[PDB]
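Worksheet: the structure to be examined is printed underneath.
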Amino acid sequence: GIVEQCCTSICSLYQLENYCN
Amino acid sequence: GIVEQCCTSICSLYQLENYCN
Amino acid sequence: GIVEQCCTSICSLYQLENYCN
Amino acid sequence: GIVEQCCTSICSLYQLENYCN
Amino acid sequence: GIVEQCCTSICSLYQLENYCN
Amino acid sequence: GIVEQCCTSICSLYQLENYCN
Amino acid sequence: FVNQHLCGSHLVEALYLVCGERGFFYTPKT
Amino acid sequence: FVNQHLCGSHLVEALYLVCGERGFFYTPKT
Amino acid sequence: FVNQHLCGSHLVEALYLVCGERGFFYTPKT
Amino acid sequence: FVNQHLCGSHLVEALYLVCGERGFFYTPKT
Amino acid sequence: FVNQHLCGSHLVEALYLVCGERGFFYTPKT
Amino acid sequence: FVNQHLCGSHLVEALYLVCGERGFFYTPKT
Ligand SMILES: [Cl-]
Ligand SMILES: [Cl-]
Ligand SMILES: [Zn+2]
Ligand SMILES: [Zn+2]
């Protein structure tokens with residue numbers, strides 16, 4: 001999930017928008 | 001300036017990106 | 001809602017715990 | 001102390017209350 | 001006290017250093 | 001730079017002042 | 001625990017500490 | 001913008017930044 | 001609630017959260 | 001992304017997230 | 001160093017940076 | 001004061017603390 005995408009790996013601000021409601 | 005605008009009104013991440021190196 | 005209550009008045013960690021997954 | 005209990009190991013919010021005045 | 005002064009007026013890091021252990 | 005001085009190594013608050021404008 | 005007065009990012013920090021690995025939903029009005 | 005490692009509190013602060021008023025979910029187990 | 005690793009700034013933010021007005025001590029050498 | 005209302009340290013946190021490794025300049029008035 | 005205007009959690013963050021390993025006491029009124 | 005490791009967000013929070021109104025630059029590539 002997010003942890004894997006953004007913490008373990010790296011992610012963009014645009015990728016973070018994936019987790020908005 | 002940006003510092004003041006973000007606090008007294010609002011600002012976007014796009015505006016913030018102008019202050020990157 | 002919770003977001004608003006915590007900021008405009010007060011809220012407890014117990015109330016916050018309701019928003020956990 | 002706290003570092004060992006909560007950082008090196010893991011601790012609960014209730015354990016953190018141990019360090020309140 | 002310090003907590004109140006820093007928030008209602010201003011305080012220096014020098015004043016803060018008095019609260020170290 | 002700063003990362004090397006303060007993150008990789010350790011630095012003082014006075015050293016951090018080096019990066020003020 | 002004590003009662004809290006939390007605005008903006010500080011609410012999210014509290015949710016994080018409270019929920020930890022369980023995660024949480026942040027749901028502001030409008 | 002950039003790609004960085006964002007973990008724990010820092011990850012949720014970032015979600016708050018990007019989503020704001022929309023709200024978000026932090027679901028580390030998923 | 002949950003058990004997590006809380007270190008440095010994050011540990012003191014957590015103490016602030018839990019203790020608030022009561023105050024607290026952060027004594028890492030002890 | 002949403003618009004932001006950022007004072008004090010919270011502006012610096014946003015700059016950090018936005019710029020990452022590129023770095024940034026923090027330049028308040030007077 | 002400059003003078004500071006610090007409320008809530010931001011005071012605790014400053015104490016942490018100022019004191020580091022020495023630790024500190026956070027002692028608000030009432 | 002003390003010498004500690006300050007990295008990422010924590011490093012820029014520290015710069016904000018020490019520099020304030022003077023402003024600062026965070027230039028990790030330099
Ligand atoms: Cl960290
Ligand atoms: Cl604030
Ligand atoms: Zn951190
Ligand atoms: Zn704040």
Of all residues in the stretch J:14-30 being within 16 Å of ligand 3 (Cβ to nearest atom) and within 7 Å of chain H (Cβ to nearest Cβ), the one that is farthest from residue A:20 (Cα to Cα): J:20
In the stretch K:14-29, residue nearest to ligand 4 (Cβ to nearest atom) [restricted to those that are assigned to a helix (DSSP H, G or I) and in contact with a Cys (Cβ under 6 Å, 6 or more places away or on another chain)]: K:19
Qualifying residues in chain D (those that are assigned to a loop (DSSP other than H, G, I, E, B) and closer than 19 Å to residue K:21 by Cα) - the one nearest to the other protein chains (Cβ to nearest Cβ): D:1
Total residues in the stretch H:1-13, condition at the interface with chain J (Cβ under 10 Å from one of its Cβ atoms) and within 16 Å of ligand 4 (Cβ to nearest atom): 2
Residues of the stretch K:10-27 classified as surrounded by fewer than 19 Cβ atoms within 10 Å (Cβ to Cβ) and touching a helix residue (DSSP H, G or I) at 6+ places or on another chain (Cβ under 8 Å), total: 2
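Reconstructed Cβ throughout: ideal geometry from the backbone, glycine too, with neighbour counts over all protein chains shown. Every number in this text was worked out from the coordinates using simple rules, so none of it is lab data.
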